[PDB]
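Here's the structure we're looking at; comments come further down.
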Amino acid sequence: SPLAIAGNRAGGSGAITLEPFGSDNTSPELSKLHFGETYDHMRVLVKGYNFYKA
Amino acid sequence: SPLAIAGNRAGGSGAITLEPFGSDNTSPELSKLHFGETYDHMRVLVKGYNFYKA
Amino acid sequence: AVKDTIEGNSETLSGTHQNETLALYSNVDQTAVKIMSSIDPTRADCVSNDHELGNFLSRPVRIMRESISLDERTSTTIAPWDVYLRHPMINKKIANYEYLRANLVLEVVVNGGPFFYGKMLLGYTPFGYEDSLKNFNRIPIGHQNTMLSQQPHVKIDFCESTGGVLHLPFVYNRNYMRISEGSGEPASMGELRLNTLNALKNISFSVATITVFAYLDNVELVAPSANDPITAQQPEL
Amino acid sequence: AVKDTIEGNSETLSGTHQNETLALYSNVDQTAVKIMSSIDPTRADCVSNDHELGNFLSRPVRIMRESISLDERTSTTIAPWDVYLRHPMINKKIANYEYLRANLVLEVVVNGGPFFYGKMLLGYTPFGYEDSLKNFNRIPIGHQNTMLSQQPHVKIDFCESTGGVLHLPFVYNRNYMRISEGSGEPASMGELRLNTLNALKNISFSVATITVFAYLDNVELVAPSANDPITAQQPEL
Amino acid sequence: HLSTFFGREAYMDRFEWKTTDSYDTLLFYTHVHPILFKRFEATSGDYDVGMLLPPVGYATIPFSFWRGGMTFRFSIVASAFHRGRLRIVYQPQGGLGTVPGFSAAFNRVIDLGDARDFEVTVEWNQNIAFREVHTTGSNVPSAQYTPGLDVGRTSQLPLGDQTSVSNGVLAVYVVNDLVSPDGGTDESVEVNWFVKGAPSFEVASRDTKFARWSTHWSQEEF
Amino acid sequence: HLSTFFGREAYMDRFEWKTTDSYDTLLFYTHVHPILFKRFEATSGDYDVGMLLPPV
């Protein structure tokens, strides 16, 4: 019953990890292969201009 | 009678202080919270342009 | 990556805690989502150090006010403990307690010109005065002043405008006094007398005023209860 | 010879003093009769360290109570800040102040057997919810649970009897909130939603209960005023 | 520097005491904000109007938001044989439609003896950081304070409802009746008050409300 | 930061088990991509439609 209570907190921090599908293998030099730069920050993205309401 | 003469000079420098309403508590970083900058000097303010008399 | 700020504050607590009036006991575990507040040094603007909740019973309250006429001898009495605790403002902050223990502080304010030359007496009688109250009211004012002058009192001078500060202790045969509804204990702890010593005159070629305040100090409130206090009443004058 | 205990305590004071709310100024001298009290270590019997006046707003109060029936999906909402500050017991201790600033603490208590296996959701919406309130009530309960799961919430399990603790911060575009009469600020600081996640069932061979408490912590009362507070009201359930 | 305007005192008006006054009567009532107008009507022979402001009120016109403390000074004009006691009450918000207590709100009791000319400063006691600045739509502004003998206004009733531009309300009540040697029913006493700005005064905005006013009031009626 | 959107959980839907089920029966099937819509129809009295998406 302890295992059923700890697995009920918000956010799913009591869930059982289940040996995930495959592995994660990404190199740092993937941006130099695709798209040139990264898009991980929305604060930088919002500084571009957009057409609106003539 | 001395207390009635000293309290009659111009500017009200002989008045009796009366334990003011509340206290003064302002932080230096209030301009960074509101309006960005300060407006304490009229010499700087007068260097802006104003429309006048076409 | 940043904190999830929902499932980064979750944690599990025991089902037992206390809040100085309600205690809960359980054996199963709980879940907590504790989102903390910020420091914000700029969020404290109207911050003083006089108005509080602990020091609320030390707030002065006007309990007496009279106007004095020329060539008259009178007598008037009130109950200081009963009037102060029954004030509508004070009654709200003593509403879920049973017992009280504090000291009385009285203060008088007089205002008269240099043309009046009158005098008055203000005396106090401690606990036990209700027994000899039907007979003390039958004594002439002049003879009453003889006994009042031997008790904690103050003299009011009308030629000047001065007088009046009285610190009184808590005298009682019990540890505290019951302030719940139906109590008569507050109305039996003391008495204030205000009678003429010398009649007021005037140098011609006609009315003076007087005001009395009261409050408490070293207040102790104990015994929480779900009982209403004494029925509030506005001071008569 | 001993002290006269009447004219042995007399002394003269200045006519200027302060009591954190009333300050008096005068230039004439006064007279004082200060009779001090005793130590009396045996006079303190009903002395605890939980009931106070400063820590009075940290007293839990029941604001919600429901009974759950089998095979039904429902939704119910209240206003936690408005209900707590409007309680008759709490309204008395906030009566001559104008502004308040404190954090909300909620707690849920559940009771169900091992034969029930139901689930429920309880979510909170911060300041600004009144604008989107007429439209949020038009969304189906299933789709409402999607958005509530991303906000500070708690999950109620009926197979066990557990869950419910929620600490919430003070979020507001001003420094404090006005608690005087006619104020609508307390009724706009937050909202509590209680809707079904999974319908309650039972293993046969029919009603559960739930209770929610609330209180405040780090309370700050400022701006004394002679203004009545919001009209008190007993909680609806 | 703008500090030279916030700190220059100015006489505003007068009100009476009228010794035939009960123990609790309103004598003065005002809003705590720097924009207090005074309208005159060109005593000499013509028809002309004008308005005046204190040095604190004048400097905050080209701005839209204000905050800080303000200083008030009351001076009683009486002889050496006058005795009495007065009260000063401050209400942070809502106004005083009825006589308050003695400790529910901030109170001060001062006595008319050998000392006069009391001064007091009110600090910022709002839940918001900044307030608005008052304007006028016509040439006859609404009353901002109760009786002022210079402007020919003598109503002692409390006005109100200016919460969005002010920092509370000031009121003056009697405590002990005024005593004079000769005899009442014909004797009064006048009190003069001055306004100023505390060293914590502040303005931060830019506004265009004074764009069509003018300092040339001399001949504009024809 | 965009990381605050990738990492916020969300309840989507429910499916049943129905104990009267054989030993090999399909109970759930989905596509592994973040664009999963949910359409509602304004329970209260009017005609309105809407859609919802997870934070991702």
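The listed protein sequences correspond, in order, to chains A, A', B, B', C and C'. A prime marks a further copy of an entry chain.
Each residue of the first sequence is one higher than the one before, starting from 625 at the first, in the entry's author numbering.
Each residue of the second sequence is one higher than the one before, starting from 625 at the first, in the entry's author numbering.
Quick note, the third sequence lines up with residues 34 to 238, 244 to 275 if you use the entry's author numbering.
Quick note, the fourth sequence lines up with residues 34 to 238, 244 to 275 if you use the entry's author numbering.
Each residue of the fifth sequence is one higher than the one before, starting from 388 at the first, in the entry's author numbering.
Each residue of the sixth sequence is one higher than the one before, starting from 388 at the first, in the entry's author numbering.
No residue lacks a Cβ here, since even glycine has one placed at the ideal position from N, Cα and C.
Nearest neighbour of residue i, chosen from the options [CA to CA]
{"i": "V260(B)", "options": "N60(B), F238(B), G146(B) and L133(B)", "result": "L133(B)"}
{"i": "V496(C)", "options": "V198(B'), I174(B'), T54(B') and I248(B')", "result": "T54(B')"}
{"i": "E163(B)", "options": "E218(B), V187(B) and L46(B)", "result": "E218(B)"}
{"i": "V257(B)", "options": "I123(B), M97(B) and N82(B)", "result": "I123(B)"}
{"i": "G636(A)", "options": "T45(B), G48(B) and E40(B)", "result": "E40(B)"}
{"i": "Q480(C)", "options": "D537(C), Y532(C), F393(C) and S551(C)", "result": "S551(C)"}
{"i": "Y560(C)", "options": "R518(C), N494(C) and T391(C)", "result": "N494(C)"}
{"i": "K152(B)", "options": "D115(B), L118(B) and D190(B)", "result": "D190(B)"}
{"i": "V443(C)", "options": "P586(C), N554(C), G394(C) and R472(C)", "result": "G394(C)"}
{"i": "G584(C)", "options": "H420(C), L414(C) and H388(C)", "result": "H420(C)"}
{"i": "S81(B)", "options": "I475(C), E510(C) and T447(C)", "result": "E510(C)"}
{"i": "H50(B')", "options": "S70(B), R92(B) and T75(B)", "result": "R92(B)"}
{"i": "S165(B')", "options": "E224(B'), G197(B'), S182(B') and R211(B')", "result": "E224(B')"}
{"i": "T158(B')", "options": "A135(B'), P202(B') and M69(B')", "result": "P202(B')"}
{"i": "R226(B')", "options": "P113(B'), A128(B') and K67(B')", "result": "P113(B')"}
Distance between residue j and residue i (C-alpha atoms, nearest Å)
{"i": "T541(C)", "j": "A465(C)", "result": "21 Å"}
{"i": "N206(B')", "j": "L440(C')", "result": "29 Å"}
{"i": "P121(B)", "j": "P449(C)", "result": "47 Å"}
{"i": "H665(A)", "j": "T412(C')", "result": "44 Å"}
{"i": "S194(B')", "j": "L627(A)", "result": "14 Å"}
{"i": "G539(C)", "j": "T406(C)", "result": "21 Å"}
{"i": "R171(B')", "j": "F251(B')", "result": "28 Å"}
{"i": "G146(B)", "j": "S567(C)", "result": "8 Å"}
{"i": "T229(B')", "j": "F238(B')", "result": "25 Å"}
{"i": "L657(A')", "j": "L199(B')", "result": "30 Å"}
{"i": "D504(C)", "j": "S59(B')", "result": "13 Å"}
{"i": "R667(A')", "j": "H388(C)", "result": "7 Å"}
{"i": "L90(B')", "j": "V143(B)", "result": "41 Å"}
{"i": "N231(B)", "j": "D569(C)", "result": "23 Å"}
{"i": "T109(B')", "j": "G156(B')", "result": "11 Å"}
{"i": "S71(B')", "j": "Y398(C)", "result": "55 Å"}
{"i": "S263(B)", "j": "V486(C)", "result": "34 Å"}
{"i": "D78(B)", "j": "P273(B)", "result": "36 Å"}
{"i": "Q513(C)", "j": "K234(B')", "result": "54 Å"}
{"i": "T75(B)", "j": "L654(A')", "result": "7 Å"}
Under 7 Å from the C-beta of residue i: neighbouring residues of chain B
{"i": "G646(A')", "result": "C79 and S81"}
{"i": "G660(A)", "result": "What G660(A) touches in chain B: nothing, since even the nearest Cβ is about 23 Å away."}
Limits of the beta strand (DSSP E) - the one that residue i falls within
{"i": "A246(B')", "result": "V245 to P262"}
{"i": "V94(B')", "result": "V94 to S102"}
{"i": "residue 572(A')", "result": "A question about residue 572(A') goes unanswered here, because the residues of chain A' that appear run from 625 up to 678."}
{"i": "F505(C)", "result": "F505 to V509"}
{"i": "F461(C)", "result": "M457 to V464"}
{"i": "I475(C)", "result": "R470 to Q478"}
{"i": "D498(C)", "result": "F493 to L499"}
{"i": "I111(B')", "result": "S108 to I111"}
Contacts that residue i makes with chain B (C-beta to C-beta distance below 8 Å)
{"i": "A630(A)", "result": "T45 and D62"}
{"i": "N265(B')", "result": "Chain B residues near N265(B'): none, gap ~12 Å exceeds 8 Å."}
N- and C-terminal bounds of the alpha helix (DSSP H) containing residue i
{"i": "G631(A')", "result": "Here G631(A') belongs to no alpha helix (DSSP H), and DSSP marks it neither H nor E."}
{"i": "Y445(C)", "result": "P442 to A446"}
Chain B' residues whose Cβ lies nearer than 7 Å to that of residue i
{"i": "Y398(C')", "result": "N178, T179 and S182"}
{"i": "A502(C)", "result": "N60"}
Contact set between residue i and chain C, taken where Cβ atoms lie within less than 8 Å
{"i": "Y673(A')", "result": "In chain order: nothing, as chain C lies at least about 12 Å away."}
Chain C' residues whose Cβ lies nearer than 8 Å to that of residue i
{"i": "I172(B')", "result": "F427, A429, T430 and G437"}
Check: residue i C-beta below 8 Å from any heavy atom of the ligand HEM
{"i": "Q183(B)", "result": "Absence of the ligand HEM is noted for the structure shown, with no ligands found whatsoever."}
Partner residues on chain B' for residue i, Cβ-Cβ distance less than 9 Å
{"i": "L627(A')", "result": "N60"}
{"i": "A639(A)", "result": "Residues of chain B' passing the Cβ test: none, with the nearest at roughly 13 Å."}
{"i": "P442(C')", "result": "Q183"}
Under 9 Å from the C-beta of residue i: neighbouring residues of chain A
{"i": "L389(C')", "result": "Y663, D664, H665, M666 and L669"}
9 Å Cβ cut-off: residues of chain B touching residue i
{"i": "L155(B')", "result": "By Cβ distance, chain B contributes nothing, its closest Cβ being about 11 Å from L155(B'), past 9 Å."}
Contacts of residue i in chain C (Cβ-Cβ under 9 Å)
{"i": "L55(B')", "result": "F489, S490, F493, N494, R495 and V496"}
Proximal chain C residues relative to residue i, where beta-carbon distance stays under 7 Å
{"i": "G145(B)", "result": "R470 and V566"}
message: If we require 4 or more residues per run, which alpha helix (DSSP H) segments fall completely within the stretch 116-202 of chain B?
response: Those alpha helix (DSSP H) runs which fall completely within the stretch 116-202 of chain B and span 4+ residues are 121-126 and 174-181.
Those runs of the beta strand (DSSP E) which lie wholly inside the stretch 536-598 of chain C and span at least 3 residues: 556-566 and 577-584
Checklist entry - Along the chain, which unbroken stretches of the beta strand (DSSP E) at least 3 residues long are found entirely within the stretch 37-88 of chain B'? => result 55-58 and 65-67
Self-check item: Uninterrupted beta strand (DSSP E) stretches inside the stretch 392-447 of chain C (no shorter than 3 residues)
Solution: The stretch 392-447 of chain C contains these whole beta strand (DSSP E) runs: 397-403, 413-418, 425-427 and 437-439.
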